[PDB]
Structures are given as structure tokens and as C-alpha cells.
Amino acid sequence: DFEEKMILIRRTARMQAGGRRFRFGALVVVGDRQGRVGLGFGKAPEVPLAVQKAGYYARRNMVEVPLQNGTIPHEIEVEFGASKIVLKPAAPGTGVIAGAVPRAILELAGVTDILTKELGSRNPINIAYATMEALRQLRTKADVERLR
RNA sequence: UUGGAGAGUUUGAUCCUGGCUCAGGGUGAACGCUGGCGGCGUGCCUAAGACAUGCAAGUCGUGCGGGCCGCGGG
Ligand SMILES: [Mg+2]
Ligand SMILES: [Mg+2]
Ligand SMILES: [Mg+2]
Ligand SMILES: [Mg+2]
Ligand SMILES: [Mg+2]
Ligand SMILES: [Mg+2]
Ligand SMILES: [Mg+2]
Ligand SMILES: [Mg+2]
Ligand SMILES: [Mg+2]
Ligand SMILES: [Mg+2]
Ligand SMILES: [Mg+2]
Ligand SMILES: [Mg+2]
Ligand SMILES: [Mg+2]
Ligand SMILES: [Mg+2]
Ligand SMILES: [Mg+2]
Ligand SMILES: [Mg+2]
Ligand SMILES: [Mg+2]
Ligand SMILES: [Mg+2]
Ligand SMILES: [Mg+2]
Ligand SMILES: [Mg+2]
Ligand SMILES: [Mg+2]
């Protein structure tokens with residue numbers, strides 16, 4: 001099993017005669033703090049089901065981060081629409097320096113030491129997607145020598 | 001490679017653009033309430049407006065001639 005954290009829980013509305021009627025969403029990451037994270041987005045008529053629905057997707061889309069002594073191997077800059085995330089490798093006693101969104105994403109991934117920065121649209125849902133697709137594009141010296 | 005966190009606010013709801021605003025550190029500071037000791041710094045940022053009084057540049061008789069006073073003694 002994994003450690004699980006709810007990063008976002010929001011309410012949205014739609015309109016029809018008689019007035020507004022709501023729907024809830026939850027951005028949820030899940031991970032072992034040992035090289036495995038997954039991000040899931042769940043929407044439902046009530047908070048709990050959405051949180052649970054989210055968790056199922058989180059496990060449905062996962063990714064394997066090549067941790068090297070608790071930091072990422074190389075620079076990664078990634079855009080997701082108008083959102084940009086910078087992940088920069090950091091030495092031992094550094095700490096995890098990121099906003100509560102990529103913080104929880106990287107944290108549950110076993111990342112213990114990292115310099116980061118959000119640029120552009122800091123919309124919670126998009127910055128999430130950009131942090132993940134960044135990891136999914138992380139490589140190591142092995143991976144490289146094998147390609148080339 | 002010793003180094004980089006963001007949030008609030010346009011919408012019924014969304015994504016984006018965009019500004020406004022905030023949390024930080026800093027100061028020869030000032031103001032309010034309050035105020036026990038000590039150490040080290042430090043204190044007219046305005047009128048280079050105006051200033052009472054004292055003090056801040058003198059020293060040498062191993063350059064010279066003197067006046068006064070004194071010790072000496074003619
Ligand atoms: Mg890999
Ligand atoms: Mg772009
Ligand atoms: Mg975006
Ligand atoms: Mg390195
Ligand atoms: Mg912007
Ligand atoms: Mg924003
Ligand atoms: Mg660098
Ligand atoms: Mg910041
Ligand atoms: Mg408003
Ligand atoms: Mg409008
Ligand atoms: Mg409103
Ligand atoms: Mg803004
Ligand atoms: Mg201040
Ligand atoms: Mg005072
Ligand atoms: Mg007083
Ligand atoms: Mg003193
Ligand atoms: Mg002056
Ligand atoms: Mg005048
Ligand atoms: Mg006058
Ligand atoms: Mg004097
Ligand atoms: Mg002489």
C-alpha cells in the first residue's frame with residue numbers, strides 16, 4: 001500500500017432552471033516515498049466519493065522516479081499549457097523547497113532534496129500535471145547510454 | 001553546482017490574460033503603548049538658515065636684543 005495525500009478539494013457548479021447544482025473534485029497524489037508516485041483526479045456529487053474516486057485513478061496512472069540519494073538526476077523544465085515547473089537537483093542537507101502542490105507530489109515520491117520553482121499559470125490542477133510529466137521525463141546515465 | 005515555496009481577488013462554474021494586495025529581509029528612522037541591567041556600535045537625513053560664552057595652534061632663551069619681578073651679591 002501507499003501513503004496518500006489530498007492536495008486539492010474543490011466545489012464547482014453548473015446551471016439549470018431552479019438554480020445552481022454542485023459537483024466536487026479532488027486532486028490526489030499517492031506514493032510509497034521510495035520511487036513511486038501517481039496522480040489522480042476525481043469528481044463526484046459529494047466530497048468523500050470524489051476523494052475515493054480520485055485515489056483509484058491515482059493508482060491507475062503511476063510513474064517511476066529515479067531517485068539518486070534522494071534527489072533527481074538532472075534539470076527538468078516542463079510546460080503544461082500555460083503552466084511551467086522547474087525541478088532542479090539539490091545536494092544533501094537542502095530540503096524540499098516547493099509549493100504545497102509539487103511539494104506533496106515529490107514528497108510522496110521519496111524526493112527528500114530538491115530545488116523547485118513554479119512559473120506561469122500556477123493553477124493547482126495544471127501545475128500538478130506539469131510536475132508529473134516532468135518526472136515521467138527524468139532519465140539516468142544508464143537510460144542514456146542504452147538509447148545511444 | 002550548498003542554490004530558487006507562494007497566496008488572496010474578474011466567474012453561476014472553467015481555463016487563460018492582467019493588474020491590485022499580502023506573508024520576508026532591511027533603515028542614521030519616526031509615532032503609539034510599555035519599559036529592568038549591561039556590553040559594543042551609533043544619533044540634525046530638515047534651514048550650507050541665524051548664533052550668546054568658553055575651548056579647538058602653537059612652540060623654541062641651544063637664534064637676538066629687551067622691559068618688569070625675584071634668588072644671588074657689588
Ligand atoms: Mg525511468
Ligand atoms: Mg506558452
Ligand atoms: Mg496552465
Ligand atoms: Mg549533482
Ligand atoms: Mg499570471
Ligand atoms: Mg493565481
Ligand atoms: Mg546551477
Ligand atoms: Mg516566495
Ligand atoms: Mg469580486
Ligand atoms: Mg468579465
Ligand atoms: Mg463571486
Ligand atoms: Mg494573480
Ligand atoms: Mg517590513
Ligand atoms: Mg517610542
Ligand atoms: Mg516613555
Ligand atoms: Mg553607550
Ligand atoms: Mg546637514
Ligand atoms: Mg526660510
Ligand atoms: Mg532667522
Ligand atoms: Mg584648552
Ligand atoms: Mg637653535
# chains A, B, ... in the order shown; residues from 1 in each chain; ligands from 1
$ interface_residues --of "chain A" --to "chain B" --cutoff "9 Å" --atoms "only C-alpha atoms (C1' of nucleotides)" --output "PDB file with N, CA and C atoms, in the first residue's frame"
ATOM      1  N   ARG A  11     -15.183  22.692  -4.933  1.00  0.00           N
ATOM      2  CA  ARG A  11     -16.558  22.647  -5.413  1.00  0.00           C
ATOM      3  C   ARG A  11     -16.782  23.505  -6.665  1.00  0.00           C
ATOM      4  N   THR A  12     -17.415  22.930  -7.682  1.00  0.00           N
ATOM      5  CA  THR A  12     -17.789  23.687  -8.870  1.00  0.00           C
ATOM      6  C   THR A  12     -19.296  23.585  -9.039  1.00  0.00           C
ATOM      7  N   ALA A  13     -19.864  24.448  -9.869  1.00  0.00           N
ATOM      8  CA  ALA A  13     -21.303  24.439 -10.082  1.00  0.00           C
ATOM      9  C   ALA A  13     -21.666  24.425 -11.561  1.00  0.00           C
ATOM     10  N   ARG A  14     -22.878  23.970 -11.857  1.00  0.00           N
ATOM     11  CA  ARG A  14     -23.409  24.038 -13.208  1.00  0.00           C
ATOM     12  C   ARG A  14     -24.779  24.675 -13.056  1.00  0.00           C
ATOM     13  N   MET A  15     -25.322  25.223 -14.131  1.00  0.00           N
ATOM     14  CA  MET A  15     -26.604  25.899 -14.023  1.00  0.00           C
ATOM     15  C   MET A  15     -27.739  25.205 -14.759  1.00  0.00           C
ATOM     16  N   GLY A  19     -31.795  26.930 -10.350  1.00  0.00           N
ATOM     17  CA  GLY A  19     -30.567  27.430  -9.757  1.00  0.00           C
ATOM     18  C   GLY A  19     -29.338  26.577  -9.976  1.00  0.00           C
ATOM     19  N   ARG A  20     -28.314  26.819  -9.166  1.00  0.00           N
ATOM     20  CA  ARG A  20     -27.070  26.073  -9.290  1.00  0.00           C
ATOM     21  C   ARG A  20     -27.135  24.735  -8.581  1.00  0.00           C
ATOM     22  N   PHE A  22     -24.261  21.564  -7.504  1.00  0.00           N
ATOM     23  CA  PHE A  22     -22.812  21.491  -7.361  1.00  0.00           C
ATOM     24  C   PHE A  22     -22.210  20.124  -7.687  1.00  0.00           C
ATOM     25  N   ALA A  82      -0.161  26.592 -20.054  1.00  0.00           N
ATOM     26  CA  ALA A  82       0.417  27.862 -19.605  1.00  0.00           C
ATOM     27  C   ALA A  82       1.132  27.721 -18.266  1.00  0.00           C
ATOM     28  N   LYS A  88      15.053  21.271 -10.024  1.00  0.00           N
ATOM     29  CA  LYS A  88      16.494  21.389 -10.055  1.00  0.00           C
ATOM     30  C   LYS A  88      17.071  20.515  -8.953  1.00  0.00           C
ATOM     31  N   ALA A  90      19.232  18.973  -6.003  1.00  0.00           N
ATOM     32  CA  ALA A  90      19.787  19.627  -4.834  1.00  0.00           C
ATOM     33  C   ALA A  90      20.564  18.653  -3.935  1.00  0.00           C
ATOM     34  N   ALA A  91      21.639  19.171  -3.339  1.00  0.00           N
ATOM     35  CA  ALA A  91      22.572  18.412  -2.504  1.00  0.00           C
ATOM     36  C   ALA A  91      21.895  17.923  -1.217  1.00  0.00           C
ATOM     37  N   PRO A  92      22.579  17.063  -0.424  1.00  0.00           N
ATOM     38  CA  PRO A  92      22.028  16.537   0.836  1.00  0.00           C
ATOM     39  C   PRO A  92      21.193  17.501   1.707  1.00  0.00           C
ATOM     40  N   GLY A  93      21.805  18.214   2.641  1.00  0.00           N
ATOM     41  CA  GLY A  93      21.034  18.941   3.642  1.00  0.00           C
ATOM     42  C   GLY A  93      20.106  20.045   3.149  1.00  0.00           C
ATOM     43  N   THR A  94      19.729  19.997   1.872  1.00  0.00           N
ATOM     44  CA  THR A  94      18.987  21.092   1.240  1.00  0.00           C
ATOM     45  C   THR A  94      17.537  21.188   1.719  1.00  0.00           C
ATOM     46  N   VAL A  96      13.215  20.005   0.798  1.00  0.00           N
ATOM     47  CA  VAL A  96      12.304  20.058  -0.344  1.00  0.00           C
ATOM     48  C   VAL A  96      11.680  21.442  -0.426  1.00  0.00           C
ATOM     49  N   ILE A  97      12.168  22.250  -1.360  1.00  0.00           N
ATOM     50  CA  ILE A  97      11.754  23.647  -1.458  1.00  0.00           C
ATOM     51  C   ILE A  97      10.793  23.869  -2.616  1.00  0.00           C
ATOM     52  N   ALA A  98       9.507  23.690  -2.345  1.00  0.00           N
ATOM     53  CA  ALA A  98       8.499  23.739  -3.389  1.00  0.00           C
ATOM     54  C   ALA A  98       7.165  24.166  -2.806  1.00  0.00           C
ATOM     55  N   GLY A  99       6.256  24.596  -3.670  1.00  0.00           N
ATOM     56  CA  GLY A  99       4.927  24.958  -3.224  1.00  0.00           C
ATOM     57  C   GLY A  99       4.191  23.703  -2.812  1.00  0.00           C
ATOM     58  N   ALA A 100       3.155  23.858  -1.993  1.00  0.00           N
ATOM     59  CA  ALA A 100       2.409  22.729  -1.436  1.00  0.00           C
ATOM     60  C   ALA A 100       1.919  21.719  -2.476  1.00  0.00           C
ATOM     61  N   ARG A 103       5.291  20.045  -3.831  1.00  0.00           N
ATOM     62  CA  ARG A 103       5.851  19.540  -2.571  1.00  0.00           C
ATOM     63  C   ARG A 103       5.327  18.146  -2.270  1.00  0.00           C
ATOM     64  N   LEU A 115      15.501  21.588  -5.377  1.00  0.00           N
ATOM     65  CA  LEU A 115      15.178  22.988  -5.596  1.00  0.00           C
ATOM     66  C   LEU A 115      14.116  23.061  -6.692  1.00  0.00           C
ATOM     67  N   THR A 116      13.060  23.844  -6.480  1.00  0.00           N
ATOM     68  CA  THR A 116      11.988  23.939  -7.470  1.00  0.00           C
ATOM     69  C   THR A 116      11.493  25.361  -7.633  1.00  0.00           C
ATOM     70  N   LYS A 117      10.691  25.577  -8.672  1.00  0.00           N
ATOM     71  CA  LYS A 117      10.058  26.870  -8.914  1.00  0.00           C
ATOM     72  C   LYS A 117       8.886  26.738  -9.870  1.00  0.00           C
ATOM     73  N   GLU A 118       7.768  27.362  -9.512  1.00  0.00           N
ATOM     74  CA  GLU A 118       6.617  27.425 -10.404  1.00  0.00           C
ATOM     75  C   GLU A 118       6.672  28.711 -11.216  1.00  0.00           C
ATOM     76  N   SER A 121       1.105  30.208 -15.153  1.00  0.00           N
ATOM     77  CA  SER A 121      -0.155  29.925 -14.502  1.00  0.00           C
ATOM     78  C   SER A 121       0.066  28.903 -13.395  1.00  0.00           C
TER      79      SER A 121
END
$ residues_near_ligand --ligand "ligand 16" --cutoff "9 Å" --atoms "only C-alpha atoms (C1' of nucleotides) and all ligand atoms" --output "list in words"
residues 39, 40, 41 and 42 of chain B
$ write_last_selection --atoms "C-alpha atoms (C1' of nucleotides)" --output "PDB file, in the first residue's frame"
ATOM      1  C1'   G B  39      28.259  45.496  26.610  1.00  0.00           C
ATOM      2  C1'   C B  40      29.522  47.310  21.729  1.00  0.00           C
ATOM      3  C1'   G B  41      28.099  50.400  17.894  1.00  0.00           C
ATOM      4  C1'   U B  42      25.590  54.580  16.872  1.00  0.00           C
TER       5        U B  42
END
$ residues_near_ligand --ligand "ligand 15" --cutoff "12 Å" --atoms "only C-alpha atoms (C1' of nucleotides) and all ligand atoms" --output "PyMOL selection string"
chain B and resi 32-35
$ write_last_selection --atoms "N, CA, C and O atoms (P, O5', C5', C4', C3', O3' and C1' of nucleotides)" --output "PDB file, in the first residue's frame"
ATOM      1  P     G B  32       4.247  59.444  20.419  1.00  0.00           P
ATOM      2  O5'   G B  32       3.271  58.186  20.527  1.00  0.00           O
ATOM      3  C5'   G B  32       1.889  58.311  20.215  1.00  0.00           C
ATOM      4  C4'   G B  32       1.163  56.986  20.275  1.00  0.00           C
ATOM      5  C3'   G B  32       1.359  56.148  21.531  1.00  0.00           C
ATOM      6  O3'   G B  32       0.553  56.549  22.622  1.00  0.00           O
ATOM      7  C1'   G B  32       1.700  54.791  19.664  1.00  0.00           C
ATOM      8  P     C B  33       1.224  56.756  24.062  1.00  0.00           P
ATOM      9  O5'   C B  33       1.139  55.305  24.699  1.00  0.00           O
ATOM     10  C5'   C B  33      -0.111  54.648  24.839  1.00  0.00           C
ATOM     11  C4'   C B  33       0.072  53.167  25.037  1.00  0.00           C
ATOM     12  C3'   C B  33       1.010  52.768  26.164  1.00  0.00           C
ATOM     13  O3'   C B  33       0.421  52.838  27.448  1.00  0.00           O
ATOM     14  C1'   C B  33       1.568  51.548  24.247  1.00  0.00           C
ATOM     15  P     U B  34       1.315  53.309  28.697  1.00  0.00           P
ATOM     16  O5'   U B  34       2.470  52.215  28.794  1.00  0.00           O
ATOM     17  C5'   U B  34       2.158  50.870  29.120  1.00  0.00           C
ATOM     18  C4'   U B  34       3.342  49.947  28.952  1.00  0.00           C
ATOM     19  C3'   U B  34       4.618  50.283  29.704  1.00  0.00           C
ATOM     20  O3'   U B  34       4.595  50.032  31.095  1.00  0.00           O
ATOM     21  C1'   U B  34       5.175  49.683  27.510  1.00  0.00           C
ATOM     22  P     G B  35       5.322  51.071  32.080  1.00  0.00           P
ATOM     23  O5'   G B  35       6.848  50.651  31.955  1.00  0.00           O
ATOM     24  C5'   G B  35       7.234  49.311  32.194  1.00  0.00           C
ATOM     25  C4'   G B  35       8.542  48.978  31.524  1.00  0.00           C
ATOM     26  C3'   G B  35       9.741  49.739  32.040  1.00  0.00           C
ATOM     27  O3'   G B  35      10.223  49.228  33.254  1.00  0.00           O
ATOM     28  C1'   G B  35       9.789  49.740  29.694  1.00  0.00           C
TER      29        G B  35
END
$ select_by_dssp --residues "segment 18-95 of chain A" --states "helix (DSSP H, G or I)" --output "count of residues only"
17
$ select_by_dssp --residues "segment 27-144 of chain A" --states "strand (DSSP E or B)" --output "PyMOL selection string"
chain A and resi 27-31+36-44+62-64+68+71+76-80+83-89+96-97+114-120
$ write_last_selection --atoms "C-alpha atoms" --output "PDB file, in the first residue's frame"
ATOM      1  CA  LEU A  27      -6.597  16.244  -6.762  1.00  0.00           C
ATOM      2  CA  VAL A  28      -4.909  13.331  -5.089  1.00  0.00           C
ATOM      3  CA  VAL A  29      -1.374  12.034  -5.210  1.00  0.00           C
ATOM      4  CA  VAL A  30      -0.323   8.665  -3.838  1.00  0.00           C
ATOM      5  CA  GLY A  31       3.065   7.066  -3.259  1.00  0.00           C
ATOM      6  CA  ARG A  36       6.714   5.610  -7.000  1.00  0.00           C
ATOM      7  CA  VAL A  37       4.030   8.276  -7.358  1.00  0.00           C
ATOM      8  CA  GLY A  38       0.736   8.579  -9.147  1.00  0.00           C
ATOM      9  CA  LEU A  39      -1.639  11.470  -9.651  1.00  0.00           C
ATOM     10  CA  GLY A  40      -5.399  11.068  -9.859  1.00  0.00           C
ATOM     11  CA  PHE A  41      -8.254  13.490 -10.389  1.00  0.00           C
ATOM     12  CA  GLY A  42     -11.690  12.551  -9.075  1.00  0.00           C
ATOM     13  CA  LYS A  43     -15.020  14.315  -9.465  1.00  0.00           C
ATOM     14  CA  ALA A  44     -18.288  13.304  -7.801  1.00  0.00           C
ATOM     15  CA  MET A  62       1.704   5.903 -11.949  1.00  0.00           C
ATOM     16  CA  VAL A  63       5.326   6.894 -12.586  1.00  0.00           C
ATOM     17  CA  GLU A  64       8.799   5.725 -11.527  1.00  0.00           C
ATOM     18  CA  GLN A  68      19.599   9.192  -6.548  1.00  0.00           C
ATOM     19  CA  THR A  71      17.330  13.925  -5.328  1.00  0.00           C
ATOM     20  CA  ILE A  76      13.977  19.330 -15.914  1.00  0.00           C
ATOM     21  CA  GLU A  77      11.836  22.176 -17.185  1.00  0.00           C
ATOM     22  CA  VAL A  78       8.351  21.208 -18.338  1.00  0.00           C
ATOM     23  CA  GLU A  79       5.370  23.182 -19.656  1.00  0.00           C
ATOM     24  CA  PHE A  80       1.761  22.092 -19.428  1.00  0.00           C
ATOM     25  CA  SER A  83       1.883  26.232 -16.514  1.00  0.00           C
ATOM     26  CA  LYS A  84       5.612  25.679 -16.111  1.00  0.00           C
ATOM     27  CA  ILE A  85       7.505  23.782 -13.440  1.00  0.00           C
ATOM     28  CA  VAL A  86      11.227  23.837 -12.772  1.00  0.00           C
ATOM     29  CA  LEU A  87      12.853  20.954 -10.934  1.00  0.00           C
ATOM     30  CA  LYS A  88      16.494  21.389 -10.055  1.00  0.00           C
ATOM     31  CA  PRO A  89      18.659  18.745  -8.349  1.00  0.00           C
ATOM     32  CA  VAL A  96      12.304  20.058  -0.344  1.00  0.00           C
ATOM     33  CA  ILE A  97      11.754  23.647  -1.458  1.00  0.00           C
ATOM     34  CA  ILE A 114      15.218  19.395  -4.384  1.00  0.00           C
ATOM     35  CA  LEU A 115      15.178  22.988  -5.596  1.00  0.00           C
ATOM     36  CA  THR A 116      11.988  23.939  -7.470  1.00  0.00           C
ATOM     37  CA  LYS A 117      10.058  26.870  -8.914  1.00  0.00           C
ATOM     38  CA  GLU A 118       6.617  27.425 -10.404  1.00  0.00           C
ATOM     39  CA  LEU A 119       6.368  29.743 -13.384  1.00  0.00           C
ATOM     40  CA  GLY A 120       3.371  30.977 -15.310  1.00  0.00           C
TER      41      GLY A 120
END
